[PDB]
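J.: Residue numbers (the authors' numbering), protein chains in the order written: chain C, 165 to 410, 538 to 859, 874 to 884; chain B, 183 to 364; chain D, 546 to 859, 874 to 884.
Mind looking over this structure? Questions follow.
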Ligand SMILES: Nc1ncnc2c1ncn2[C@@H]1O[C@H](COP(=O)(O)OP(=O)(O)OP(O)(O)=S)[C@@H](O)[C@H]1O
Ligand SMILES: Nc1ncnc2c1ncn2[C@@H]1O[C@H](COP(=O)(O)OP(=O)(O)OP(O)(O)=S)[C@@H](O)[C@H]1O
Ligand SMILES: Nc1ncnc2c1ncn2[C@@H]1O[C@H](COP(=O)(O)OP(=O)(O)OP(O)(O)=S)[C@@H](O)[C@H]1O
Ligand SMILES: Nc1ncnc2c1ncn2[C@@H]1O[C@H](COP(=O)(O)OP(=O)(O)OP(O)(O)=S)[C@@H](O)[C@H]1O
């Protein structure tokens, strides 16, 4: 009776059509059967990554028995799935759980046709460093009795073997593999009617294909038999939800949207409104960043290329921004994040300006087991796992120690980067921007505005002297920022003045600066340092205007709508009815 | 319970996952202090107002304590019994019962083992829907060790709401504070 | 018995199928159809694979290579195509990011950490992969960046396949292939004195190797292999290959080429992408810069839905099918 209380009759579940129909995996199913067909230690075990179909194989075998597709040894056999229930019943009256366990084995053992016992999470039976693990399945399997099928993960197997020894002897591992995308789809097709029936939705074959493809590309941490199903099942659920208050059909687009929600990857949304945003991306960035159109275009291409799906799945977009300091290198990256997340600071930043090798590698990746801290991934690993397509910005990669840059070297080509604790993170479908001021050395030759021939040669000469080709050749594009022209300065001043207004927390403490009057000319004239980019503008605005404004505010001379003009420098007005 | 403001996508996504045939176990993930458990209660409120997908229409949502795990361990195995009991009561399906586990990493177990089948193979059967809640750090401490949980549960990213959203939230909660403080 | 063992260990060596004979005696043919030129590297690998598959390989020496060459010459690529062949899946490869192998961590990262210390997740990458997939190809990217202490561990691994784990177990990764890559000789290959790396230049490369790795390691590699700089002719073939891969990776295959200019475009790219010291990488870049980016706009603008055509611009451009929908 024990067997009916502490285990599930998997062959009955197969008989009743409750188990997912099993598709493919013939070598694996066959191997399990062949091992069960053994006489001594007829004890197979399915080992492999958590999502590859281990119990599906077991269920498959249950079906093969029901379907009369087994050896005469197995024909007429019954398969049970052992629960922990026998053990959960309690260790009250010391050893009784072992007796119940033994009772299960005894019922099985006494020739009630051939009974095979299967155990989920079988590593649990390694018990208390042996001891409580008792004789669980030990003399049983040793004598070839009580045929057992076990299944667990790679890591658990490692723990079983390591800690027990004897179990390794008793069990015959069978490796189970993740199916290919094509195989995955075939499986999905096989499962399709169960999903369609459950949800009450129709699934197009295109959708099934789509899910497997997307799963391979966008759910790297979880194996295809699961990941593809999550996309199918969830997409179906999506449709099922629509059916609650609103065409019950799942297609590739539904899945792609679902994937975007699931993974955070915006590439899969596919909207007409997106198209307009991307088409005019350059305009929007040019209204934030003045000039530097080549840089704007360079990035825009990365985004558009990625959003179209054309970007190579293994080549994170990668840019190196060379250019004269203050030309807007960091600023561009921020504005790109602005565009992509509606948040200039959403991006992941790596302050490479601070990277002495000894520490630098570990700061980005973290430690291996056994070292101080296991809170791995200071910056790259931890951030990449939650914001997998975000903009990753490296400030002054030029100054990073040459060795830490080789972490980036790897990151930049074929996604993979691994944590200190051993996980592949894979910064794949994302954008990487790196910065350097190295090129300033030649740009400051004042060769007009747009970078000229020779200037660019020297800039690239220097970058070649500084970084090894191994790195440079992995960059999608090296962009050299242009010098800002006085004309650019006029545009910049406008933008800056607008940002100043927008950032005011107190919506009264703002200007009506006569920026249409000589005030803009003053700023453009005085702030145009040929070689400090736009930075002098921030300083002039503070020295010429905001500092004075602060005083006007402190003295309560200001309510709102402050105005500015120039005398002989910038001068602020007061509101005449004030002190 | 306090009302939930915004977070519509989170509520929708959570339920959508619960609507799944198998492994219908969403988990909220994000930095602490962002409203993860608020979302969970938001779902409870949608259930009370019944503004939910068919699968939840008349469903219950329970928050599991660790008392199930820890309230006495003489007669080792009793906590396992507590879980088989609880999980069985959920499986009973008097109505649809969804279980919420706060601090979901707490069921990881000391070197697993204790973890038993607490919410393990059962989740793949379509019953015992579980909603989790964790942080990036906790998540890593579960996932990198269990493997199977990473598969069983489906994380949902939960963003820090923007300042704009924050204000809306504050307005929404304003009367609770005004009433409490007077 | 042999077949049974193959089933249990996964090792194809023991299957002995006739169909393998053709794939193996022609492995070079097929690798050369993926990797252009670089025949010595191709032969080097194929010989190792064949010794294993034919049952001649010595169990105490995992096959190993040290591939030297210019970046963009196909070092990583070859290894992947080989893994592709061996498993019918390039993702089966076990990879090591050697650039991450700073002294204090690298050993423990690959082998694991000893009992008593935080985390017993031994095996990080090597033990954990090797204990399940015995004949996986290992790939070490830029081994010259690994701290010498790490390279020392490889020396141990490269004989008897014996590697100890952090917790004291052995791996015995006998029947496998180990690929190490390096850019140390790039400085001499860049002399461009030839097509096939020239003799003598070859010794300069050995010089770079000998001054970086200790001899104790170097004489242990089954063979040190040097990739050739790519020739212009190679580039023509490479371009063709990339264009095919590009079409193949279009998972949403409405987005596909007819390409057109089936000579002219390829020649344009071959001409412009033939950078003497950057291997094939510039070809990838030109295609994105000159073609795919433009395609992205044609897609975004609803100008092209399928049947993509490239024209020469006297650069290159794409022709609109639907009229800007
Ligand atoms: N070949 C297949 N045939 C039928 N169903 C499959 C197949 N592969 C996967 N599935 C489904 O997707 C899952 C595959 O993995 P499962 O066996 O459920 O999980 P697992 O691989 O057993 O890992 P554990 O041991 O349960 S953590 C199953 O739960 C099935 O629902
Ligand atoms: N081309 C530009 N358009 C608009 N604003 C700009 C531009 N260039 C610089 N700025 C201003 O420059 C400031 C930030 O410049 P950054 O990009 O940080 O300096 P940089 O160009 O990165 O040089 P480094 O490397 O950071 S010294 C912002 O306050 C911007 O307003
Ligand atoms: N969107 C929201 N609508 C209404 N109230 C909210 C919202 N977000 C947060 N709150 C309130 O803000 C508080 C913080 O939320 P919590 O869920 O406690 O934080 P948390 O994200 O759960 O952090 P942990 O993980 O539980 S420490 C909650 O107590 C809610 O009452
Ligand atoms: N001979 C070749 N035939 C075909 N493709 C090639 C060839 N050489 C290089 N490639 C391409 O180069 C890219 C992969 O880079 P690799 O050439 O392996 O870089 P590498 O040669 O490994 O130098 P490292 O060590 O990775 S910097 C792929 O896009 C390959 O297709």
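All C-beta atoms, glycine included, are put in the ideal place defined by N, C-alpha and C.
Quick one: is residue 228 of chain B near chain C, going by C-beta distance under 8 Å?
T.: Within the second chain, residue 228 of chain B is the residue found at index 46, counting from 1. Not closer than 8 Å to any Cβ of chain C, the Cβ of residue 228 of chain B fails to qualify, so no.
J.: Return the residue from the list B:270, B:190, B:327, B:265 that minimises the CA-CA distance to residue 287 of chain B.
T.: By 1-based counting over the second chain, the position of residue 287 of chain B is 105. Of B:270, B:190, B:327, B:265, the residue nearest in Cα terms is B:327.
J.: Starting from the beta carbon of residue 552 of chain D, find every residue of chain C whose beta carbon is closer than 9 Å, and list them in chain order.
T.: Start at 1 with the first residue of the third chain, and residue 552 of chain D comes out as number 7. Chain C residues near residue 552 of chain D: 191, 194, 195, 198, 338.
J.: The alpha helix (DSSP H) that contains residue 854 of chain C, what's its start and end?
T.: For this step, residue 854 of chain C is matched to residue 563 along the first chain. That residue, residue 854 of chain C, is in no alpha helix (DSSP H); it is neither H nor E in DSSP.
J.: Around the Cβ of residue 663 of chain C, are there at least 16 other Cβ atoms within 10 angstroms (buried) or fewer (exposed)?
T.: One-based indexing of the first chain puts residue 663 of chain C at position 372. It is exposed - the Cβ of residue 663 of chain C has fewer than 16 other Cβ atoms within 10 Å.
J.: Beta carbon of residue 221 of chain B, beta carbon of residue 189 of chain B: below 8 Å?
T.: Position 39 of the second chain holds residue 221 of chain B. Position 7 of the second chain holds residue 189 of chain B. Yes, they are a contact pair.
J.: Can you name, in chain order, every residue of its own chain whose Cβ lies under 6 Å from the Cβ of residue 872 of chain D, other than the five neighbours on each side?
T.: There are no coordinates for residue 872 of chain D in this structure, because the numbering of chain D runs from 859 directly to 874.
J.: Touch check for the stretch 576-591 of chain D and the stretch 553-565 of chain D: three-plus C-beta pairs under 8 Å?
T.: Flag = no, the stretch 576-591 of chain D and the stretch 553-565 of chain D do not touch.
J.: Using a Cβ cut-off of 8 Å (strictly closer), state whether residue 802 of chain D contacts chain C.
T.: Here residue 802 of chain D is taken as the residue at index 257 of the third chain, counted from 1. Chain C, which has no Cβ nearer than 8 Å to the Cβ of residue 802 of chain D, makes this no.
J.: Taking 7 Å as the cut-off, is the CB of residue 219 of chain C close to at least one heavy atom of ligand 1?
T.: Sequence index remark: in the first chain, residue 219 of chain C carries index 55 (1-based). At least one heavy atom of ligand 1 is nearer than 7 Å to the Cβ of residue 219 of chain C, so yes.
J.: For residue 212 of chain C, report the span of its beta strand (DSSP E) as first-last.
T.: As a position in the first chain, residue 212 of chain C is number 48, starting the count at 1. Note, residue 212 of chain C: beta strand (DSSP E), 208-212.
J.: Which runs of the alpha helix (DSSP H), 4 residues or longer, sit entirely within the stretch 257-299 of chain B?
T.: DSSP runs (the alpha helix (DSSP H)) wholly in the stretch 257-299 of chain B: 260-274.
J.: Which chain B residues are close to residue 385 of chain C, counting only those with a beta carbon under 7 Å from its beta carbon?
T.: By one-based count along the first chain, residue 385 of chain C stands at place 221. Within chain B, the residues near residue 385 of chain C are 332.
J.: Go ahead and label residue 829 of chain D buried or exposed: buried means 16 or more other beta carbons lie within 10 angstroms of its beta carbon, across all protein chains shown.
T.: Against the third chain, residue 829 of chain D aligns to sequence position 284. Buried, by the Cβ-count rule.
J.: List the residues of chain B whose Cβ lies closer than 7 Å to the Cβ of residue 398 of chain C, in chain order.
T.: Within the first chain, numbered from 1, the residue matching residue 398 of chain C stands at position 234. Those are 198, 199, 202, listed as they occur along chain B.
J.: Can you give the beta carbon distance from residue 317 of chain C to residue 243 of chain C, rounded, assuming they're within the 8 Å contact cut?
T.: Mapped onto the first chain, residue 317 of chain C falls at position 153. Mapped onto the first chain, residue 243 of chain C falls at position 79. At roughly 21 Å, the Cβ-Cβ gap does not stay under 8 Å, so residue 317 of chain C and residue 243 of chain C are not in contact.
J.: Expressed to the nearest angstrom, what Euclidean distance is found between the alpha-carbon atoms of residue 799 of chain D and residue 853 of chain D?
T.: One-based indexing of the third chain puts residue 799 of chain D at position 254. One-based indexing of the third chain puts residue 853 of chain D at position 308. Roughly 9 Å between the two C-alpha positions.
J.: Starting from the C-beta of residue 874 of chain D, find all residues in its chain whose C-beta is less than 6 Å away, skip the five residues before and the five after it, and write them out in chain order.
T.: The residue you call residue 874 of chain D lines up with position 315 of the third chain. Only 835 meet the Cβ criterion.
J.: Can you pull the chain B neighbours of residue 362 of chain C, defined as C-beta to C-beta under 7 Å?
T.: Counted from its first residue, the first chain places residue 362 of chain C at position 198. The answer, in chain order, is 203.
J.: Can you determine whether any heavy atom of ligand 1 sits closer than 7 Å to the C-beta of residue 390 of chain C, and answer yes or no?
T.: As a position in the first chain, residue 390 of chain C is number 226, starting the count at 1. Answer for residue 390 of chain C: yes, Cβ within range of ligand 1.
J.: Can you tell me whether DSSP reads residue 630 of chain C as helix, strand or coil?
T.: For the purposes of this step, residue 630 of chain C is taken as the residue at position 339 of the first chain. Reduced to three states, the DSSP call for residue 630 of chain C is helix.
J.: For residue 737 of chain C, which residues from the same chain have a beta carbon less than 8 Å from its beta carbon, with the 5 sequence-adjacent residues on both sides left out?
T.: Along the first chain, read from residue 1 onward, the residue named residue 737 of chain C stands at position 446. Answer for residue 737 of chain C: 774, 821, 822, listed in chain order.
J.: Bridge partners of residue 366 of chain B, per DSSP?
T.: The question about residue 366 of chain B has no answer, for chain B in this structure spans 183 to 364.
J.: Is the CB-CB distance between residue 856 of chain C and residue 808 of chain C below 8 Å?
T.: Counted from its first residue, the first chain places residue 856 of chain C at position 565. Counted from its first residue, the first chain places residue 808 of chain C at position 517. Yes. Within cutoff.
J.: Where do the N-terminal and C-terminal ends of the alpha helix (DSSP H) with residue 542 of chain C fall, by residue?
T.: Taking the first residue of the first chain as position 1, residue 542 of chain C is located at position 251. No alpha helix (DSSP H) contains residue 542 of chain C, which DSSP labels as neither H nor E.
J.: Sorry if obvious, but does the Cβ on residue 583 of chain C come closer than 7 Å to a heavy atom of ligand 2?
T.: Counted from its first residue, the first chain places residue 583 of chain C at position 292. Yes, Cβ of residue 583 of chain C sits closer than 7 Å to a heavy atom of ligand 2.
J.: Just to check, is the beta-carbon of residue 580 of chain D closer than 7 Å to a non-hydrogen atom of ligand 4?
T.: On the third chain, residue 580 of chain D is found 35 positions in, with the first residue counted as 1. Yes, since a heavy atom of ligand 4 falls inside the 7 Å radius drawn around the Cβ of residue 580 of chain D.
J.: Let me check understanding here. Comparing Cα to Cα, which of C:335, C:652, C:351 lies closest to residue 208 of chain C?
T.: Locating residue 208 of chain C in the first chain gives position 44, where the first residue counts as 1. Comparing Cα-Cα distances from residue 208 of chain C to each of C:335, C:652, C:351, the minimum goes to C:335.
J.: From residue 679 of chain C to residue 639 of chain C, what does the alpha carbon distance come to, in whole angstroms?
T.: Position 388 of the first chain, counted from the start, is the residue given in the question as residue 679 of chain C. Position 348 of the first chain, counted from the start, is the residue given in the question as residue 639 of chain C. Their Cα atoms are separated by approximately 10 Å.
J.: By Cβ distance, which residues of its chain are closer than 7 Å to residue 827 of chain D, with the 5 residues on each side in sequence left out?
T.: One-based indexing of the third chain puts residue 827 of chain D at position 282. Around residue 827 of chain D: 818, 820.
J.: Closer than 9 Å by beta-carbon distance: list the chain C residues that pair up with residue 725 of chain D, in chain order.
T.: Within the third chain, residue 725 of chain D is the residue found at index 180, counting from 1. Neighbours of residue 725 of chain D on chain C: none; closest Cβ ~15 Å, over 9 Å.
J.: So which residues on chain D does residue 316 of chain C lean against when the C-beta distance must stay under 8 Å?
T.: Within the first chain, the letter at position 152 stands for residue 316 of chain C. Ordered by position in chain D, no residue passes the 8 Å Cβ test against residue 316 of chain C, which lies about 12 Å from the chain.
J.: Return no unless some Cβ of chain B is closer than 8 Å to the Cβ of residue 712 of chain C.
T.: Translated into positions along the first chain, residue 712 of chain C becomes position 421. Closer than 8 Å: yes.
J.: For residue 167 of chain C, which residues of its own chain have a beta-carbon under 8 Å away from its beta-carbon, when the five flanking residues on both sides are left out?
T.: As a first step, residue 167 of chain C is located in the first chain; it is residue number 3 there, counting from the start. Correct list, in chain order: 244, 268, 271, 272, 279.
J.: Of all the options D:843, D:884, D:786, D:858, which has the alpha carbon lying nearest to the alpha carbon of residue 575 of chain D?
T.: Position 30 of the third chain holds residue 575 of chain D. It is D:786.
J.: Please report whether the beta-carbon of residue 329 of chain B lies at a distance below 8 Å from any beta-carbon of chain C.
T.: Residue 329 of chain B sits at position 147 when you count from the first residue of the second chain. At least one chain C Cβ lies under 8 Å of residue 329 of chain B.
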